[PDB]
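Below, in structure tokens: the form solved without this ligand, a single chain.
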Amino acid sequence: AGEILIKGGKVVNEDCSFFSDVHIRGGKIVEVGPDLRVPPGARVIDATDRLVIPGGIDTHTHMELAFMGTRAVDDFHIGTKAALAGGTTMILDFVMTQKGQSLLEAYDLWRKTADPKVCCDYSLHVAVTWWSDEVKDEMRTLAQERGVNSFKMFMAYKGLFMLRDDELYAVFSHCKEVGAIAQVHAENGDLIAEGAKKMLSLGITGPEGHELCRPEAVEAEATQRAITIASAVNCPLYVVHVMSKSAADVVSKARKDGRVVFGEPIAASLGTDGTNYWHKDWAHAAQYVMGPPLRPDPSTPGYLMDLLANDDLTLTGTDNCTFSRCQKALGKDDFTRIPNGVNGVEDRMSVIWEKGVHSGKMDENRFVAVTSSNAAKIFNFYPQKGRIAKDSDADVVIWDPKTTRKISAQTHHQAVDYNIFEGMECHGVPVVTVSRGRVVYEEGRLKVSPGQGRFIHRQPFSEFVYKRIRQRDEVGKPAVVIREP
């Protein structure tokens, strides 16, 4: 609502950067070009010496998720405010369907919880945590009527969310039928379960036990297995929260081999590492506990950033699923009871800019691709989002790439009372955030109301995801050999 001219900045899209003003009217970008006239009444945002970029799209959040006996402290309201303050203008959150629970009920429950609270736009992925004719039907309804083209399956969480290979095969085959992308939490749940039992029996109850019970081989194995099942049914696959060099190399190899798979590292795995689980201070070490775990090889985040730069890995989320210090403390005697999840929604943009662009690993245009455009392409709303262009949504960040900010829980906007990036000096600061054509963050202050954001309804068969799948259906059908009868 209202009129904004962003003037004097350099627009940065995934394909190129160029000086131009951006005219916003009624929630949309209505013109991009040099020296645009300021209509009477329009507010001018002076973007001199700034980049004008699509707002960040966080593909992976769990706002106020009830999980492991408690509830994430960053909710849809505070979580989306913190996203905005960090230059992120859309989140995509997981409807964590309980085993045996209607996917439509869980979807409805998420929409009712988020719709009146979100401060930025959002959409939803739906977890498929069990399988039956009903789930099958509900997935079709969700894909065709409820705006969801992404379903999330777990190979870990035995007893809770885990699906076996035969069930993944059926679920993935049905994703492909409904034009959805199959997302997978890829760790071998049987090894996690055994490993945790073994670490506890050895008296390793601390957070080091959490990483040691499921080292990167456990993630690499499940990642390859999911790729292989999805390749078998020609279903596009999306591997969420790639945490390790070996799982990332699995995704890298499969893509080079032409498999339709996408890998999503998160701010945590790009900005820090798992040496923190070995910290003498139990509270500090617990802060980093999430599944899969961050990895103790300190070369990990830089390697994941190199693969993200090279498009072995294609886009980013945060897996934001926050628990306060006193919540984490529930597992002081037993790591299996530390609620799993770290922060990142607010810091993702600056973390990636500092670790990826300022470092020389990727340019500003690849930065836009891996923080917004690719999410829009995969989840099917590009160029509505992820591009500064006429007719696109006015979710726009004015970005200062030269100034640094120090990340701290003392100054962050998340509800959690610590930050895994505590102390990190990042180049790249969101100075102004515009969401739905309104200035919602400037001069370090938020100006937004819960429920101002909107659910984004997507259609299935995202072309970025499916055009190759469909062609392979047409020319890749196996053929009988013709033999004399």
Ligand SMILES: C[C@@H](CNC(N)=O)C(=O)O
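Numbers follow the displayed sequence, beginning with 1.
Beyond the structure shown, there is the form deposited with this ligand bound, which is absent from this document and is the topic of what follows.
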Though this ligand is not shown, can you say which of 174, 241, 81, 385 has a heavy atom within 4.5 Å of it in the deposited complex? 241
With the partner omitted here, the residue among 260, 290, 72, 229 that in the deposited complex has a heavy atom within 4.5 Å of this ligand is 290
Contact label in the deposited complex: residue 356 to this ligand, heavy atom within 4.5 Å: no
Indicate whether this ligand has at least one heavy atom within 4.5 Å of a heavy atom of residue 185 in the deposited complex. yes
Taking any heavy atom pair closer than or equal to 4.5 Å as contact, tell me whether residue 128 reaches this ligand in the deposited complex. no
Although this ligand is absent from this view, report whether residue 376 comes within 4.5 Å of it in the deposited complex, heavy atoms only. no
When this ligand is placed as it is in the deposited complex, are 60, 67 and 157 each within 4.5 Å of it, taking any non-hydrogen atom of the residue? yes
Options 163-171, 338-346, 360-368, 246-254; stretch whose heavy atom lies within 4.5 Å of this ligand in the deposited complex: 338-346
For 305-323: residues with a non-hydrogen atom within 4.5 angstroms of this ligand in the deposited complex? 319, 321
